[PDB]
Every structure is written in C-alpha cells, then in structure tokens.
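Working notes, beginning with the structure itself.
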Amino acid sequence: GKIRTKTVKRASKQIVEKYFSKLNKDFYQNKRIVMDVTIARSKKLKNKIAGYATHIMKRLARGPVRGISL
Amino acid sequence: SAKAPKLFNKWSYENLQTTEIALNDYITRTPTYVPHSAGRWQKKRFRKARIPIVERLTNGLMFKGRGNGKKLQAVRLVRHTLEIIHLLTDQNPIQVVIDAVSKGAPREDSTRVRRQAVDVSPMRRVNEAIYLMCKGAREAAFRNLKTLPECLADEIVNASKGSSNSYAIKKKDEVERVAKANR
Amino acid sequence: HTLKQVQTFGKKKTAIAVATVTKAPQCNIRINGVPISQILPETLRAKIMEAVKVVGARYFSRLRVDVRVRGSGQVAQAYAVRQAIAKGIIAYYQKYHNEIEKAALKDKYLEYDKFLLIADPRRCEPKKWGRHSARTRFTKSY
Amino acid sequence: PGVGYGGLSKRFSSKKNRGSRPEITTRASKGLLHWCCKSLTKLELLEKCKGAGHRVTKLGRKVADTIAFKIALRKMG
Amino acid sequence: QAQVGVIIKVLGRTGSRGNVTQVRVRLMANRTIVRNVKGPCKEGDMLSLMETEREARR
Amino acid sequence: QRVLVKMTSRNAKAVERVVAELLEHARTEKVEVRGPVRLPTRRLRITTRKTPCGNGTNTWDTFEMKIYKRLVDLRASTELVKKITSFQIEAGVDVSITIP
Amino acid sequence: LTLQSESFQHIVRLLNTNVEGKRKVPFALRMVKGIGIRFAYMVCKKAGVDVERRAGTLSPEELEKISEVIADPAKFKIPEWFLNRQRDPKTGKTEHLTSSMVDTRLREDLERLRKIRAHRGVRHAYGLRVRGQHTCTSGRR
Amino acid sequence: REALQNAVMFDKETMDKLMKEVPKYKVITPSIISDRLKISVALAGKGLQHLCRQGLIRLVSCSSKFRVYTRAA
RNA sequence: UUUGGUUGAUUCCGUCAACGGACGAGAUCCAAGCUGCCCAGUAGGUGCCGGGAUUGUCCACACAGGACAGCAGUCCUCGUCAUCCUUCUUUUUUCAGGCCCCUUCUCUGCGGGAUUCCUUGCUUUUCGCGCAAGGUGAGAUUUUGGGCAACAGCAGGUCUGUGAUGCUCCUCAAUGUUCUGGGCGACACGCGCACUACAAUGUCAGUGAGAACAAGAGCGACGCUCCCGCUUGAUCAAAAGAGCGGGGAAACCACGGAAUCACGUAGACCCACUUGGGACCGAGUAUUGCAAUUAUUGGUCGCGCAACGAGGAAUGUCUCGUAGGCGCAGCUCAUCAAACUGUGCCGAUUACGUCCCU
Ligand SMILES: [K+]
Ligand SMILES: [K+]
Ligand SMILES: [K+]
Ligand SMILES: [K+]
Ligand SMILES: [K+]
Ligand SMILES: [Mg+2]
Ligand SMILES: [Mg+2]
Ligand SMILES: [Mg+2]
Ligand SMILES: [Mg+2]
Ligand SMILES: [Mg+2]
Ligand SMILES: [Mg+2]
Ligand SMILES: [Mg+2]
Ligand SMILES: [Mg+2]
Ligand code: NA
Ligand code: NA
C-alpha cells in the first residue's frame, strides 16, 4: 500500500498554509522548496511531503479544502 | 542490409499459421536465432505468454534433479529433434511443433466442487500441451536403447497428426471422456 | 589522418566487458584475443553475433572491435560482450556521425531486445542463518 | 610466459569421486608435467626464464605458428 | 465438434479453494452464456465449448 | 615517491579530518602532494549463537568492524617532512610514515 | 567391421574362470579374481594384445601369452608397488595372487590373527567391524 | 521382458542387410539400426560410418553424441 | 481504543461522551542495483619507437569435411590511407624494453535519484482516503534483502561461560588438585537429520574457455614457529624430501586457469545389477603428534557374487537471478567436515488466488 501517515500529512498542511504562494502543481519545483524550509533528516520523508503538498495544490485549484484555511 | 532471423540459421518463420483461433494469441511466432533469451518472464501474470514457442519447449526439457538448470544441453537436444522431425514429415519443423501444441491438451476438465465439468482457458491449454509432450518423451527414453531426441520427435509428430500413440493424446481423451461422463 | 576511437562497457551479473571501437583498414572482432567465428559454443556465438546481424554488417564496415571480459561464468560473459558491442556502435555514431543515423540504429536494437542496450539489474541474493539458501528453511520433524 | 609446474597443474585438474563422500577438486601431478617440460626443452622449443618459470624460444614460436598456417590452408591430409 | 466463444466480463472466483472463475461468454449468433473456467483467464480470451445447452449456477 | 603517509582508523569522520588538515599544512607550505587515495575498506565479521546454553531455535548474531585506510604521497626534503607531520593526531587514528 | 568366424567362443575358460566372450579384452579379464581394471590394461599391453578386440576371437597363442604375464608380472617389468601381497608376513616375498589363491590366502590371514588372539582376530571371529567404525546403527542385518 | 540379445560382430546375413536394405530408409540412426538388426549400438555406429564413406547415405546432423543420416537418393 | 470504506498495519478518511498524550507500526540503521565530485609509482588504458613470430599471381580446399561475420574486386560508378599476434619474470641498451599522455572500466567519504510523479479506468449518493493497467525510467511499489522491535507472561533452558550468586554437601586414604591407564564409540533392535546411488538428459579418457567471499607469523623446542611460489628430486609412480625466494596482506599467492559447462573428439561402452553403485575386507608405504592398537590422515594394487532397477500409509520447504543442481572459503583445527556460517556459477515449471484443511 501507499498510504501517507499522519506525520507526512500534518507537515504538508503546514507547508501549504505558510508558503501557498511560490508553490505550484509541479513535484520537482515543490521538492526544492520543501528541502529549503524543512529541518527533518529523512530524504524519503521529504519526498513524500512534497508529493502530498502537490496533491493539495491540485485540490485547491478546483475548490476549498477543509483543513487549510488560507 | 539485415535479413529476417532463421532458427539455427536453417528454418524460417515466414509462413507460420495457427489453425486453432482460440490459441492464436498465446502461441508466439516472433523470429529468433536461438532458443535462449534470459529474460524476466515471470514478473507479471500473463507475461509468460510472450516467450517464443520453441524456447517454451526447451524450458520444459530440464525437469528432473539431474536436469535442473542445463539450458545449453537442452538447446542441443532440441536442435537434433527438429532435423528428425523434418525428415519424418517433410514440412517446416516449427509448423509441426505449433500443430502439436494446438491439439495436445483437453478442452474440458473436471474439478472437485461430487465433481463438475468446467472449461479450460487458452493459457492453460498451451501450458498443458508442452508439459504432457515433454513428460511422455522423458519417460519413454528411460532405460531404453532409443535416445531422447528420437523419443521427442516421435511424440511431437504423433500429437500433430492426432494419433493415439502419443502420450499427450491418450491423456487428453481420458480426461475429456471423464468430464463428459461426469456431468 | 586522425584517430577515431570510442570506449564503452557492458555488464551482466559480476561480469564486466570493455570494448574499444576504432577505424581500421578492415573489420575485425576479437573477444579476449580469439577471433569471433572461433567461439566454441555455437549457441553463444550466435548470441554475440546478434549485435551485428540485427542492424546489418554494412554499419560495421571498417571498424575494429576489441573486447576484454572479466568476472563471471561463460554464459554471463557472453551477454556482457553482446551489450558492449551494441553500445559501442551507438557511441561511434553519436560522435563522428549525425543524429538521424544514430536514432535509426538505436530503435532497431530496442525493438529487438531491450537488454542489448540496458543492463539487467539482477544479482545473487544473500544467505541467512537458519536457511540452507536465500529462501529454503531447515526441515521440521515433529 | 613464465608459468611453472604448479601453474600447469592448475590447468589440467579435474574432479575426484570419493565414494559415499562429496566430490572434491584435484590438481594434476607435478611430476609428469616436469617430464613433459624436459622433453620440450631437449627439442629446444622451451627455455627457463631469467627470473622464474618457462617460456617459448624463437624456434618454439616459429614452430607453433607454422602449424597454425597449415590448418588455415587445410593441409591436414 | 466444438464452438468458439469470447469472454466479455469476468464475474469472480468461485469455489472454496478459489481455483475456478465465472465468466460471461458470447457465441459466434449473439447468444450469451455464463460458464465456469479453470485456469487463468482475462477479457477477450476464447473458449472451445463442447456444449452450449448449459448454464452455470450463480 | 619520497615519503608515503598511511592513516588507518575505525572512525570515518576522524580519518577524514586528519587527511584534510594534513593537506592543509602541505598547501600552506607549497609542497607538492599526490592526492589522497581511498584504499578498499575492510569488514571483520564474527557470527555466534545468541544463547548461552544451547536451547530453543538456533539464532545467530553478526558483529562487524570497519577499517578505513587513506594514503598520501609527499615529495619534500627530509627536515620538511617532520615539520609537516608534527601536529597532534585525534584519538583512534594511526599514522605511519614510510620511505620507499 | 570384420565378419564373425566359426571359432568365436561365447565362454572362454581362463585360470579356472568362465570369461564372457562378448566383452572387450580388458573388461573380460577383470572377471578373474585378482585382476582389476588397472591391472587388466597393463596385462594386455605387456602381452601384445590390442585392447580394442573382443574376448572371443582370441587365439590359443594369445591366451598362453596372457597366462605367462599374469603368472610372473615381475619378468615383464611390472613394478613392485603395482601388486597385491607386496611383502608376505610369513615368507617376505612379493607376488600377485589370482584365481582362488586370493580366497585361500585371505583364509590364512584370518586364522593367523585368531591363533595369537589379536584384537582384529577377535572381532573377525565375532562377526563385527574391524576398522574402527561405529556399530550402534550401521549394520542392522 | 527377457533380454535384447544383440550381437557384437557382423554376420553374413546382417552384413548384406546393412548394405542392401538400410540405404532405403528415410531416417537412419544407430539406435534405429540396432533395433531392426539385432546388433549393438556401438557396432551399428561403425557400420553407418562405413556406409557414409561409401556414399550410400548422407550425414544430416552431426554432434559428439548424436548422428542423424538419411538416404542419399 | 465502536461501526462504514481503505491499508501488511489501531495505516488513513469520515463519524463520534469524549478530550488530550505516550509506546509499538512507520520513520532511523546496514547491504545491493543507476549516477556527481575526488583518486592512484598497491587500479587500469589508448598512442608512437624498439625487439620476436606468421605472410598467399594462379592452382591446390582433411581420409567422408558443412552451417555461420570482415573483403578495391565486387556490386551496378561511388566506397579502403596503413595484414595480424605477443612483449610475464627480469632489469639490462639488451638478459628486451623505453617514452609521452589520459580516467570509460577498478578503488570510496560525502552527495544526487523514486514521489502513486504522469495518463486512462474504477472507488459508500457526492467528496475524501485509495486501487488496477499502462508511461517515464537503472529501478514502479514498504524499491529489493536484513537488523531493531511495545505491554503482559511461561514455575520453558542455563547453578557445564565467568573472581554471577543464597542455602546445603565433601573437605588431607578429599566430590579439591595432579599423574598413569581405560571410557565417552561399546551392538539382537526402534526413531530424527544428512551424504552417496539405483544409470545413456549416462559412465570413463582427453582437449577449450572461465568466479566471488575471504585467510596468513612471537609457552616448549640461535634466529625462527604462519601462508605461499620457482626449481630440484628425475638416466624414471603417487605421496615425500631438499635448495632459493616472497608476503604484515589492493604490492606475495595472482593475469586468483573452481566445479556444473563446452567440443564436427569423425574417442571407448550399448540396456545388463553392466565399464551402473562403492559398502565391506587384505597387503605394502609417507606424513601430524610426547603417544596412531579400538584401523588419525593421505596415496597404491586387489575385493565389487553388499544392498540398491525410483521406493506403501504418512510427510518437509518454496513465488525470481528464486527452487533445484555445482563447487569454493572461513570456523572448529598439531592431524581429521558426510556439520554450520558465508560466497559465487548454471538456471526453470506453476500461481498473481482462497478460506476447503491447519
Ligand atoms: K533439525
Ligand atoms: K549454586
Ligand atoms: K557423544
Ligand atoms: K528419537
Ligand atoms: K557440529
Ligand atoms: Mg560418489
Ligand atoms: Mg555431489
Ligand atoms: Mg477498552
Ligand atoms: Mg486488504
Ligand atoms: Mg564406477
Ligand atoms: Mg587406489
Ligand atoms: Mg581402493
Ligand atoms: Mg559391477
Ligand atoms: Na557420481
Ligand atoms: Na540413523
């Protein structure tokens, strides 16, 4: 399975809230931003966080999301 | 310029057809030079159907504990078998192999569910034809003056002709007869 | 007169083959010093010769190919040599030729066999204690 | 060039059947290879290296290549 | 003889051991049956039914 | 090849700091150096049964030790070499000087 | 590829033993007690008999030549280390035993050990193993 | 099923059979010949090589262990 | 901390008399597969110069001799500058090498790379969490294998690991300690686990090419003591013995010639308990050790007339470089591996499910 745990999902919501501008729907540019503003150690975790953040931006472009509150 | 490959540089793939339309998509006739590819054919469920048909016959010859893993020896046994087949029938050896495979497995089978009669999928029909022909030849050549390539050639030629002297044909008739008498 | 030369490599299991391709008076292929057409197992000779028959011999017209192989059994070494030659002809057409001919050669190789240009990543699995091999467990008695 | 009797015994080895025990690899006998090198030296096709081992002389290289040209010309009648 | 039919839809695995599968097959004049199949199969496969006077319980 | 300096340690970070700072001293004087060579790293292995008595499922433990080696080549006069390598070494690093 | 003649004999009597005539000469001589595969090849070489013939179609002249070599191997330059019974414990001579002299000599060896009551003689008389093998689970007759 | 009872040397009857009737077959193999004429497989292999030298049959497939012949025609 | 979907997952989404938190799972760590810097007098390569060897107008073409690249002599006039192979030890101007250059291959300390990322179709009314097939790719689902692993327990094992330990027993003709000799193995039988086979998809005898993990030296007898190589023994078996050398291990062994394997070898055998199989037993030899008898081990010739021709009821392990087959190193070790711990080589059939049995 490929379920994202609560540690990944919580961090992605925080990043989108703080850096909504300068994020877009491209994984590769979002990954560079995530590495810049995240302190954690695991590279695998940072890849997953950038992936879920890109997913949220796609959802936001079509309608509001219950947990963001921009 | 590049010409089309010929098996062992002797037999062409130009005019090969499968009369049985049910098994057309599971018998692969892509031209190759030798029955040896070393590919990853078991990664997905239906990927093994794309192995070239002659290589499938080769893979079925290394079965017992003393034969496990000896692919180069099996290629040599197949090479001599094809020459005997061509002399016996005076046709393309690859064509005779295809006809034997298309007529060597039962179409109806019985399963325990009292037993009930069911139908056999095309993939299993191709798999069972190779398995039965190789087993019939291996058992016939044990403790016998005849060599393995002659036993395999006789088994394949009889199966293609539909004769009852083949081990695969006798097994096919008995299984289908039981399924009919069952239900 | 300037020297035209490239160097490529191929791999299979623990075998590494290094091929150097240069412009010569006449085509000549040698593996570990013995010419092709002298490789004793004709099955393995036909496998190595696939790197020439698939594209055609008119592309190997005046090229000398020298191949050195080290590291594994006979079959795995033949698949490494096969890959080194196919990548060598592509490298020799990337430089000293243009893209249209290089693309034509590459697609013929790829539509025949993927492993002519891409290495097979499979390797031996480690053995673990309590097992006779990578996966076979000890016999239980009751 | 420079190979010795121990190196040659590696070349001519085989596997030995030990009865109800697992098989094992066995090297060739060094004494016989010592005899063979002595026969070739008397024919003046072999010689001792300055450092260690054996190597072919100029005559030995010439004889070997002369035989090869015979096979290439199919003079094996 | 035998008649050829084409699998349209796979309905699911049948039996306690899950070695049988139930399919919907169309004959070669627009007649549709439901049959039990042994062996791996997918949509678009062809079967050689010995009789078509028959139906599989669902 | 006048002087060969070989350093070995069980700590990867420690052996890199010693090599880097040794290169610093050589460059600060302007003595020619053949770049550091990373020799193959070795693993020592010991496998033992976990139990002290021999009961239960036969389970094993694997212990490993890694050894790192670095080689630096210097071409400098006699008294210059002692000045270059006079500095103190960190704990757990062994330095040897050899004249080939 | 030569035609079979009338004189071909299916059974060859040699050293009080019936030897099959359909076998090749080295592998037909091995049917005699005291002659193995290695010894049979050396006997044929010293007697001048080609090893690629059958045991039948062997003339009487060749059979007498083979018997002479077997009787006295040392006369035909067979080394001492190639023979059984290399130094007799009773006579100190090197010989080669064949054709039921093997059985007679083996019987004498067993009685010699039993008379002085050596350990190996004792275990032979009891019907047990004599070469240090374990006997808990092996024999099980 | 009893024993094969295969001869090891050629006889007058079997030699003439080999020279006359064998060159008519379509598939010729030492095991096949050893069955039609009750001879050893080793003897049959030598006889077939003799026929090939004479030119009455032609070698089709050759290997160290397997030989396949056919009528020259 | 329930239920509905989903996940290997008390993994997530949603709902909710609960709200906030801790562990475990995941993450972290080690190894493999693709790559960036760095790097070499212990890893390797082209280029010239020198030295050594083969060298063909035509015809000739194995005794029975075929199928498969190159070709300035063909093709339908264009296209070729130049035949190949080796240079180990060794150090020298010849005892055969010398020079100038590079980092594709090797070595590795930090880094990059993969995220259900893209497309299509499904998914409790919608949504959400996700799934399948294809794509991109060295690699496409916990990437592949391991290591670690909560809370509760069991009268499971160990007082034969310890200068771990409570009570208790013996304690100077000792249950302490040492020395000599035996035993731990003894054999009408029952059981677990391995090795070798029952042959031709074979046995024997030759020729050819070809791996990885590793290891190695300071009491008792003036240094030595461990592991190897080259010669010699040799005007005559193996196994020994003896000289001369090398290695503290990317510098020796070593260009690491493993066994399955291959051979158009014009090899031997031909369906039989047979050249299958090697149990049992006799006789001579050398080595380890202070000591070989109850055979330490190796090697030689005999014995092969010991079963065994595929194995009833019952039963073990296993899904991809895996199963099976084949050897090698380490370990125990003065001398002994049919064991275990690792390593590489050849390399498949079947399934991509279910809750019928456990
Ligand atoms: K056990
Ligand atoms: K106690
Ligand atoms: K014991
Ligand atoms: K028991
Ligand atoms: K043990
Ligand atoms: Mg054995
Ligand atoms: Mg074995
Ligand atoms: Mg509760
Ligand atoms: Mg699930
Ligand atoms: Mg034998
Ligand atoms: Mg012996
Ligand atoms: Mg013996
Ligand atoms: Mg026997
Ligand atoms: Na064997
Ligand atoms: Na037992």
Side-chain angles (χ1 to χ4, degrees), chain A residues 1-3 5 27 42 45 47-48 50-51, chain B residues 9 42 45 59 62 65-69 71-73 77 143 145 148, chain C residues 1 7-9 14 16 18 25-29 36-37 41 49 52 57 62 71-75 119 121-127 129 134-137 139-141, chain D residues 1-2 4 6 10-11 15 19-22 25 29 49 51-53 58 61-62 65 69 74 76-77, chain E residues 13 16-18, chain F residues 1 12 16 35 37-40 47 52-53 55-56, chain G residues 27 34 36 79 81-87 106 109 119 131-132 134-136, chain H residues 4 40-42 49 52-53 62 64:
Chain A
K2 274 325 225 182
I3 319 277
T5 38
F27 164 81
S42 187
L45 275 188
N47 277 317
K48 289 164 186 285
Chain B
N9 297 308
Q42 310 280 353
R45 192 185 173 202
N59 275 338
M62 46 206 216
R66 69 182 178 175
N68 272 340
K71 188 97 167 254
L72 292 185
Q73 170 191 329
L77 294 168
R143 284 181 98 211
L145 269 190
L148 192 275
Chain C
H1 295 147
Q7 247 159 348
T8 59
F9 77 97
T14 69
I16 311 170
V18 188
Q26 191 184 317
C27 176
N28 233 301
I29 302 159
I36 220 162
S37 72
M49 266 309 264
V52 177
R62 304 274 172 174
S72 181
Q74 45 166 202
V75 185
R122 289 181 288 178
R123 296 287 193 285
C124 263
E125 230 171 87
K127 180 217 189 269
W129 53 260
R135 265 157 212 257
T136 286
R137 264 82 168 178
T139 302
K140 182 164 302 195
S141 338
Chain D
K10 284 211 268 201
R11 182 174 178 93
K15 192 169 57 179
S20 277
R21 281 168 86 201
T25 305
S29 103
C49 277
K58 315 193 321 181
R61 191 134 196 142
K62 159 158 131 41
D65 291 335
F69 193 48
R74 272 166 112 111
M76 322 158 77
Chain E
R13 316 299 281 243
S16 320
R17 273 104 165 262
Chain F
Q1 258 192 186
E16 298 278 325
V37 183
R38 298 201 178 90
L39 296 167
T47 319
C53 65
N55 178 78
Chain G
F27 299 92
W81 53 266
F82 205 71
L83 324 170
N84 54 42
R85 212 28 96 113
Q86 250 163 263
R87 259 165 86 218
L106 173 60
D109 284 315
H119 182 243
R131 303 200 171 183
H134 295 189
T135 63
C136 187
Chain H
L4 299 195
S40 158
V41 172
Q49 281 173 7
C52 199
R53 238 186 328 271
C62 183
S64 279

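Note that these values count all heavy atoms, side chains included, but never hydrogens, waters or copies made by symmetry. Letters go in sequence order (proteins before strands), and every chain restarts at 1.
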- Looking across every strand, which nucleic acid part, if any, lies under 4.0 Å from G/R87 by heavy atom: base, sugar-phosphate, or nothing? sugar-phosphate
- Message: For a quick check of understanding: with a heavy-atom distance under 4.0 Å over all strands, which category does C/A119 fall into, base, sugar-phosphate or nothing?
- Response: nothing
- Give C/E125 one of three labels, base, sugar-phosphate or nothing, depending on what nucleic acid heavy atoms sit under 4.0 Å from its own. sugar-phosphate
- Identity of whatever pairs with I/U274 - Watson-Crick or G-U, under 3.5 angstrom: none
- Task: Assign A/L45 to base, sugar-phosphate, or nothing according to its heavy-atom contacts below 4.0 angstrom with the strands shown.
- Result: sugar-phosphate
- Message: Pairing status of I/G267 with I/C204 is requested, where a pair means Watson-Crick or G-U wobble geometry with both distances under 3.5 Å.
- Response: yes
- Report yes or no: is I/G181 base-paired to I/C59 (Watson-Crick or G-U wobble, both distances under 3.5 Å)? no
- Task: Tell me whether G/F27 is stacked on the nucleobase of I/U275, counting only the six-membered base ring and applying the 5.5 Å and 30° thresholds.
- Result: yes
- Message: For the nucleotides I/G282 and I/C301, report whether a Watson-Crick or G-U wobble pair is present, with both relevant distances below 3.5 Å.
- Response: yes
- Mind checking the CG-CE spacing from B/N9 to C/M49? Nearest 0.5 Å is all I need. 9.5 Å
- Is the aromatic ring centre of G/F82 closer than 5.5 Å to the centre of the six-membered base ring of I/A237, with the two planes inclined by less than 30°? no
- Message: Going strictly by the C1'-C2'-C3'-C4' torsion (positive north, negative south), how would you label I/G70?
- Response: south
- Message: Please determine whether I/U89 and I/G52 constitute a Watson-Crick or G-U wobble pair, defined by two donor-acceptor distances each under 3.5 Å.
- Response: no
- Query: Under 4.0 angstrom, heavy atoms only, what part of the nucleic acid is C/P121 near: base, sugar-phosphate, or nothing?
  - Reply: sugar-phosphate
- Side-chain donor or acceptor of C/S72 paired with backbone N/O of C/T14 under 3.5 Å: no
- Task: Just call it for A/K48: base, sugar-phosphate, or nothing, with non-hydrogen atoms closer than 4.0 Å on any strand.
- Result: sugar-phosphate
- Task: Give a yes/no verdict on base stacking between I/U294 and G/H119: centres under 5.5 Å, planes within less than 30° of parallel.
- Result: yes
- NA contact type, H/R53, heavy-atom cut-off 4.0 Å: base, sugar-phosphate, or nothing? base
- Message: When you measure only distances, ignoring hydrogens and angles, does the side chain of F/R38 come within 3.5 Å of the base of I/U108 through a donor and an acceptor?
- Response: yes
- Item | Outcome for I/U80 when its sugar is typed by the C1'-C2'-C3'-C4' torsion | north
